[PDB]
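Engineer:
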Amino acid sequence: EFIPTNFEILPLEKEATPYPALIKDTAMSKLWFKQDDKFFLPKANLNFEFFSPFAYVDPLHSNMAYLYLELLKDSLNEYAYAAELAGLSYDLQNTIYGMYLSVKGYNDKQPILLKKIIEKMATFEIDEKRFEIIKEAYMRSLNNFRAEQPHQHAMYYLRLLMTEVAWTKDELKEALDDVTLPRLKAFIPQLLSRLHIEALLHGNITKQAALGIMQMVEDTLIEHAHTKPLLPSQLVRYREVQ
Amino acid sequence: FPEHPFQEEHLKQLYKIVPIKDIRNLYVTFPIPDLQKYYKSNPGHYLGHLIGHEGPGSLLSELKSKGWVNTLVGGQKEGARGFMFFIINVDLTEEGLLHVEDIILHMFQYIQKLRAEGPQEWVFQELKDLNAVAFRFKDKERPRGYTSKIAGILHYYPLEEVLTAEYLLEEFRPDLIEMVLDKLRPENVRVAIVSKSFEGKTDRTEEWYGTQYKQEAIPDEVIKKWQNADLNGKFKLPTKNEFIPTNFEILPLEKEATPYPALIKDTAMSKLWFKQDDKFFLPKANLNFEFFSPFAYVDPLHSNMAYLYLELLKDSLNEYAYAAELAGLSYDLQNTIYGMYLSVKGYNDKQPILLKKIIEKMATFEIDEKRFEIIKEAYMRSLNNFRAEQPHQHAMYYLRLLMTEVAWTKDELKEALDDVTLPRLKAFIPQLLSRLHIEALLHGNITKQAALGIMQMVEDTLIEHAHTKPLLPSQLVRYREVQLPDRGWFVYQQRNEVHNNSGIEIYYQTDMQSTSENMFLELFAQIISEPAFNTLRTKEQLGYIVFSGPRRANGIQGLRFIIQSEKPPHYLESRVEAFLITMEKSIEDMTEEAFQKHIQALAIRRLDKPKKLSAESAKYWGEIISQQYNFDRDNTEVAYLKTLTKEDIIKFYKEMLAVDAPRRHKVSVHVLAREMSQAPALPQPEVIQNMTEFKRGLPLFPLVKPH
Amino acid sequence: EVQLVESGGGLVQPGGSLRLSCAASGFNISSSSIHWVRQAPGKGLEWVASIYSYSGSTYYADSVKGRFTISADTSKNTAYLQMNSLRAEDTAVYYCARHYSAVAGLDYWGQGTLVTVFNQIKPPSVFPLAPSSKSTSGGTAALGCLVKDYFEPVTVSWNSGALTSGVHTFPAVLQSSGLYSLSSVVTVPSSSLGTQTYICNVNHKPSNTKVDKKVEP
Amino acid sequence: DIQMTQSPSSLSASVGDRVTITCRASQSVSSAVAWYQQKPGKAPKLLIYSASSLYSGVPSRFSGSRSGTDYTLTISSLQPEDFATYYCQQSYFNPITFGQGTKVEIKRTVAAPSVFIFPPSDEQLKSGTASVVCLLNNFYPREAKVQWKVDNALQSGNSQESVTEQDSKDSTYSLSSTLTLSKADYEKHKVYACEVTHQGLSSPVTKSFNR
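Residue numbers (the entry's author numbering), protein chains in the order written: chain B, 529 to 770; chain A, 288 to 963, 981 to 1011; chain C, 4 to 154, 156 to 221; chain D, 2 to 212.
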């Protein structure tokens, strides 16, 4: 059903800018937007920031973030295969600060499908042995990390020393002896209770429909887990060593 | 006086009080005849023991157990020579507010218990032995306060009874006990109700202060209802204590002769420092404990949960703890921004045993639902109280707010408690308590090996219950202190709603605590005490709140000035700078003699042997929380102190302290009022709308290499 | 010297909220204080509530504590009771009552007040009873009216109260539709068979419906 | 929390009779109990306060006795005005309980009822409703049993027995039973018989008709 009929190029309106404008700002969100000035294609690319306090609290939280985002993305992947098969690519990524979401593709059903994405990762269930396989598999990726090429090792130390706080991979290796599934499954709605979202929307769309898509998204978020905005005193970044 | 002052016009009467603070109390008073001649048996101390007693089957145990009474106090109030008083002052809950007469009924139930079991003797010999031991073993005393007390009783006692003042009792007088028990009757009750919900109803205003009240005498139904309905329910007499020690043996000093506590045990879990009593020679011991955890200051929410956890937790065993504190075994539980603070003070008897019960209790704890609601609402009331306090307390809040790394405000503390459920809380706590660090100072009459066993005990119990594993030495952190742009002066304002007084505080980031800077700041502090005392409060008559002084924080020394007066704040700044110029001239006005006597004054001010084991323990613990360990900084600083000139502090003044300063670290803070001889051109400051965005371009300090 | 005037009690639907008054005149509520009493019709008693306006002490029952709100104007010696979330089992007649200075002395009483919890208001349907020749058995007979499906009860008479002797007006029963229905009968002789046809007379006070229905063979 | 066993539920006796009624507390209570009288359509009355004491303004023919939990109002001589429902009540700071209610009725001869029955009207049948009303009058005492019979087959579940109380004139009782049905059962069930069993009519009587 991902085959498109939306092929219509929208002509440029009064928002004649070469750079994305803050078309929507809340205390929950912050939204920047630009339409395609040069290329004029029906396709669109979408960028999303998921801010989270709990991201670099522990090795434990990073493990749970990794595992969560991984097995989460792995779940709907069997559905997602037709979307990537249709020419609609995406990305889920985590950071030391939070999660990264990318939506790339055509004009057809990025709203619709993205709604289904948010609805899927909002309410999710867990298998026990799937958990074990992903746990052990990333554990193999953890002691793989003792063996790689030293430029990757050097870039690791580079970003190690030159940040404010850093959890090493060794204690990340040791910490999976105690990682249980109820502990994770308890943490997740606690994780999702209070967070920030920032988003870039680019491509063959209008401003007002983009406002409605953003509305849809944060609405869904408050709908499932009663997400409330963050404090700009717990909006922090890390600063670099003199 | 041959008469009492409550001559049956105001007896069996009620009062309705409008307070200034939001408290809820009931005050019951009994004017009672003289027992100053009855000092020999002194039933009133035994009654004061028995009224506010907390024990098995007690009244207060049930009232706490019903959640009606937050706190109470009762007992004998001293008065004139002819009469004496007996007061009962209790706290109120919501249903405590509605059930007051039944509370008086519960009081009468305890009276019915006292008439039911009559006098008691084994309690009298037991408490007599407790006062025996406690009078028996006293170290020494403060010449102030003591002498005023014993001079209070020097009028009343023979030259041999001035020592043995009230801490020894010859006889048992049950006729006296029954006699004052007959004095404690609904005939004899004075009633005072304290509530802020009294509006339009309390007409009779105080003459001097202006509070307002109403008599509105209790009808006779409740009175006659009070006499006939005198029965007992589930009341029991409290049991004999077991917390009495026969440990009286002072341990001789071993080959490990140190004047400072040594790190006798190190783990990645713990860190343990220990010293035994060299001077005081008492069988007693003092114990200090920090429980470190990362998650303490991650957010307001869980820190509030920690506060409530620690509070209701401490309240739980408190009813058990009453005999220990009654026996002379004091302690402290306190949360920090870093973690939890534990203190154990008293004798050597059962601190391991009891402390074992403490660790098992706070390790394994359950929650009641309505207890949770009361404590949640009660501290919730304690939260929005914080909008109304004194501007110096408010200023010290902003002081410690701005001069840390992260700081959570009271507003977001107020709002975040809207979502706190008990399954959320009780689920988080063992996740919280799963992994943490403990560092401890132990001092008193013990050995090193027994101290190792106590520590071993504790952490063993910890791993036994919650499978505690040690922390990472990368998550052993402190909060840093903010660098300034080396010449900048910023200020902002806060408006006090209620109070008509204005506050202000001015701060100086000198340096870290190097040996020079300690003596710089101490000497500069000493020289500004008396001329500020002479001109500002006395002569200029600004106000009463005029304070200055140090700031040892984040391993960084600092200088602060605390003044709260009702003035225009920039006007007030002008006279501050006027005092600064006054000191500027007073630099060059120092003689050699003033210099030498002044630094000798500071020397004897600083150098002193301690006068209390708790005193030196708080200082040492103040090192331990700062991880400094420089045990002989005093003699070191004195050795520096002798190497100091006038021109040294000139050179300290000119670049760092003067108005022409490339090293100027000056910052002021305005606390406004309710509706709020040469001065130079000060630079323009900027207002601080966002303190995070304020700190956004400010650097951070390094920390200290620990000594 | 003692006067308890409670009033304000009217008619309301379920889920609503009302407020009731009690004016204690001739004395002070600063003295021995008043009580609230549930009494269902045909049923026993409850002690709803008691304020002590001298001490501000409220005392509630266990079932409906919190949802109701008592208040007391001491300047008028007059107490009040806010009621909330009103439910269908609370349609009854309620009293205010003074305890006097005694250990159990609750001597005085009040006017009472009307509490009514109803879905709907409806005029009656009145069907006269038909004593036919088959009912004629012996010298004793009777005649009546079925008053059906109405909504506070109907005062009933016969030819505007012309025949009062032998009249028996059975109390109504509230049916599943929130409505009352009753019958009032009167025993007549066998000389009165066809001699005089009586008329049952409907005075329903709140719905104000008056239907005079004749009884005929 | 302490409940009250008002014993007995009721009884019947005439003017100049000795009536003792015992309320029993659930726990060991100190006697804060009152005893009441309430005529119909009237405010209640404090007969006995504190479970032993007489309120001032009441004749002394009544008395109360504390006996542990057993508390007993004692009437020496009944009166024509003393026929009313009585109560007893425990008042602590705990919420106040009551008795079950004891109605005072008179002692009269065994009066058998007069059993009448009444067919529904025509337009009631034109509304799809058929309600037959069996009537009783002038029975003593109130205790009876009335069973409906439709074509000599016992019926139950749609009828009610509204029984009046002690008559002001002669202290009799009137009962009313009301069969409630649809119009579809009227022309179908012809025989509508009322079966009545009271103390006086212990032999059951069956008043029937044919439309």
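No residue lacks a Cβ here, since even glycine has one placed at the ideal position from N, Cα and C.
Say whether the region 879 to 890 of chain A touches the region 810 to 819 of chain A, bearing in mind that this needs 3 or more beta-carbon pairs closer than 8 Å, one atom from each stretch.
Structural biologist: Contact between the region 879 to 890 of chain A and the region 810 to 819 of chain A is present, because at least three Cβ pairs lie under 8 Å.
Engineer: Classify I537/A: buried if its beta carbon has 16 or more other beta carbons within 10 angstroms, exposed otherwise.
Structural biologist: exposed
Engineer: Does the distance from the C-beta atom of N635/B to that of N534/B stay below 8 Å?
Structural biologist: yes
Engineer: Strictly by DSSP, which residues pair up with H730/B?
Structural biologist: Note: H730/B sits in a beta bridge opposite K562/B and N573/B.
Engineer: Do you know whose CA, among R311/A, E768/A and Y684/A, lies nearest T696/A's CA?
Structural biologist: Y684/A
Engineer: Which residues does DSSP pair with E196/D in a beta bridge?
Structural biologist: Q148/D and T207/D
Engineer: Could you give the residue range of the alpha helix (DSSP H) that holds residue 1067/A?
Structural biologist: In the structure as shown, chain A starts at 288 and stops at 1011, and residue 1067/A therefore has no counterpart that could be examined.
Engineer: Please state whether DSSP places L599/A in a helix, a strand or coil.
Structural biologist: For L599/A, the secondary structure class from DSSP, reduced to helix, strand or coil, is helix.
Engineer: What does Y202/C touch in chain A if you count any residue whose Cβ is under 9 Å from its own?
Structural biologist: Under the 9 Å cutoff, chain A gives no residues; its nearest Cβ is about 55 Å from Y202/C.
Engineer: CB of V631/B to nearest heavy atom of the ligand SAM: below 7 Å?
Structural biologist: Of the ligands one can find in the structure shown there are none, so the ligand SAM has no counterpart to examine.
Engineer: Give me the Cα-Cα distance between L392/A and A504/A, rounded to the nearest whole angstrom.
Structural biologist: 18 Å
Engineer: I want to see whether chain B comes within less than 8 Å of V585/A, judged by CB atoms only; does it?
Structural biologist: yes
Engineer: Quick check: is the beta carbon of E699/B nearer than 8 Å to any beta carbon in chain A?
Structural biologist: yes
Engineer: Opposite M556/B in the DSSP bridges: which residues?
Structural biologist: In the DSSP output, where bridge partners are listed per residue, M556/B has none listed.
Engineer: In angstroms, rounded to a whole number, what distance separates the CA positions of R674/B and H724/B?
Structural biologist: 35 Å
Engineer: Could you give the first and the last residue of the continuous beta strand (DSSP E) run that contains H208/C?
Structural biologist: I203 to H208
Engineer: Taking buried to mean at least 16 other C-beta atoms within 10 Å of its own C-beta, is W112/C buried or exposed?
Structural biologist: buried
Engineer: Just the C-alpha distance for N605/B and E656/B, rounded to the nearest angstrom, thanks.
Structural biologist: 19 Å
Engineer: With a Cβ-Cβ cutoff of 8 Å, do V177/C and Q161/D count as a contact?
Structural biologist: The answer is yes: Cβ separation under 8 Å.
Engineer: Give the DSSP bridge partners of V171/C, in chain order.
Structural biologist: Looking at the DSSP assignment, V171/C forms a beta bridge with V190/C.
Engineer: Anything in chain A within Cβ reach of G108/C, meaning under 9 Å, just list it in chain order.
Structural biologist: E508
Engineer: For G487/A, count the other beta carbons within 10 Å of its own beta carbon; 16 or more makes it buried, fewer makes it exposed. Which is it?
Structural biologist: exposed
Engineer: Between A112/D and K184/D, how many whole angstroms is the CB-CB distance? I'm expecting something under 8 Å.
Structural biologist: In fact, because the Cβ distance is near 36 Å, the residues do not count as touching under 8 Å.
Engineer: Can you find a C-beta in chain C that's less than 8 Å from the C-beta of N138/D?
Structural biologist: For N138/D, the answer is yes, since a Cβ of chain C falls inside 8 Å of its Cβ.
Engineer: When DSSP labels each residue in this structure, what does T179/D get in the three-state scheme?
Structural biologist: Reduced to three states, the DSSP call for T179/D is strand.
Engineer: Apart from the five residues just before and just after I911/A, which ones in its own chain have a Cβ nearer than 8 Å to its Cβ?
Structural biologist: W560, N575, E577, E726 and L728
Engineer: Going by the DSSP bridge assignment, what does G362/A pair with across the sheet?
Structural biologist: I374/A
Engineer: Can you name the residues that DSSP bridges to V150/C?
Structural biologist: Partner residues in the beta bridge of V150/C, as assigned by DSSP, are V129/C and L186/C.
Engineer: Give me the residue from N475/A, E428/A, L322/A and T434/A with the minimum Cα distance to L298/A.
Structural biologist: Ranking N475/A, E428/A, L322/A and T434/A by Cα distance to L298/A puts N475/A first.
Engineer: I'd like to know if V30/D contacts chain C, where contact means its C-beta is closer than 8 Å to some C-beta of that chain.
Structural biologist: no
Engineer: Report the option in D773/A, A694/A, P855/A and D747/A whose CA atom is closest to the CA atom of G1001/A.
Structural biologist: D773/A
Engineer: Do you know how far the Cα of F579/B is from the Cα of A593/B?
Structural biologist: 12 Å
Engineer: Give a yes or no on whether the minimum CB-CB distance between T143/C and chain D is below 8 Å.
Structural biologist: yes
Engineer: Would you list, in sequence order, the uninterrupted alpha helix (DSSP H) runs of no fewer than 4 residues that lie entirely inside the region 676 to 713 of chain A?
Structural biologist: The alpha helix (DSSP H) runs of length 4 or more contained entirely in the region 676 to 713 of chain A are, from start to end of the chain, 678 to 689 and 697 to 702.
Engineer: Any beta carbon of chain A sitting closer than 8 Å to that of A105/C?
Structural biologist: yes
Engineer: Between the region 72 to 90 of chain D and chain C, which residues of the former have a C-beta closer than 8 Å to a C-beta of the latter?
Structural biologist: For the region 72 to 90 of chain D, which is checked against every Cβ of chain C, the residues closer than 8 Å are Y88 and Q90.
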